[PDB]
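**Student:** what shape does this take:
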Amino acid sequence: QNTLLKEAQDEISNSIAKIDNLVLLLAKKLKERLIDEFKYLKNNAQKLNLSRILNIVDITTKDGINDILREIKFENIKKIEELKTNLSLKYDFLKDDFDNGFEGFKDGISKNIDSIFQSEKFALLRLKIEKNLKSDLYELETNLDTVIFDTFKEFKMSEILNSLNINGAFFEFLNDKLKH
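**Tutor:** Numbers count the residues shown, from 1 in each chain. Please find the structure below.
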């Protein structure tokens with residue numbers, strides 16, 4: 001029991017010791033919109049392409065969700081390694097996995113909400129830009145509007161990542177309490 005308490009203290013000490021992707025996704029969405037505009041310029045003035053443009057936002061949201069899921073998987077692997085490190089309590093180690101999964105689901109839901117607001121804002125900006133559009137000037141106006149949208153997406157990524165880090169810290173504290 002004394003050895004287990006020492007191991008728990010060491011784990012607590014280790015825990016005490018130890019946004020750009022969203023911007024890249026927004027830039028990719030802007031590039032896709034520019035490619036669609038160029039295709040519409042090769043043809044003439046397609047509204048179906050404008051309707052399809054909104055799907056690039058969903059693609060970018062899916063990419064962000066994939067990044068978040070990869071981070072969650074890495075956190076789970078780290079938790080498994082920590083459980084393997086020293087054999088003090090196996091049931092307590094198993095218990096916190098559900099809490100970690102719930103925290104990851106909450107982070108994913110927050111990402112969905114904030115990124116959906118950002119995607120709706122980007123769609124509104126694109127609709128405003130569409131409202132015959134001399135092409136190069138339209139591309140520059142899109143480069144400004146989607147720039148504001150990319151800044152909003154980066155802010156959403158930063159805030160949601162801070163919230164996810166806080167949730168992970170809370171889960172680690174709960175695991176430490178269970179070990180105690």
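**Student:** every contact and neighbour count from this point should use C-alpha atoms.
**Tutor:** Fine.
**Student:** what's around residue 153, how many residues?
**Tutor:** 28 (other Cα atoms under 10 Å).
**Student:** now the element after the host helix or strand of residue 66, going C-ward?
**Tutor:** Taking DSSP states H and E as the definition, residue 66 sits inside helix 47-85. Using DSSP H and E, the next helix or strand after helix 47-85 towards the C-terminus is helix 90-130.
**Student:** what is the next helix or strand after that next one packed up against?
**Tutor:** Sequence-wise, the next helix or strand downstream of helix 90-130 (DSSP H and E) is helix 135-179. Contacting helix 135-179 under the criterion 3 or more Cα pairs under 8 Å, 6 or more residues apart in numbering; DSSP states H and E are the following elements: helix 2-17, helix 20-42, helix 90-130.
**Student:** would you mind putting these into a markdown table with mean neighbour count and distance to residue 161 alongside?
**Tutor:** Written out in a markdown table, the entries for the helices and strands packed on helix 135-179 read as follows (neighbours: other Cα atoms under 10 Å; distance: least, Cα to Cα, whole Å):
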| stretch | mean neighbour count | distance to residue 161 |
| --- | --- | --- |
| helix 2-17 | 12 | 18 |
| helix 20-42 | 17 | 11 |
| helix 90-130 | 17 | 8 |
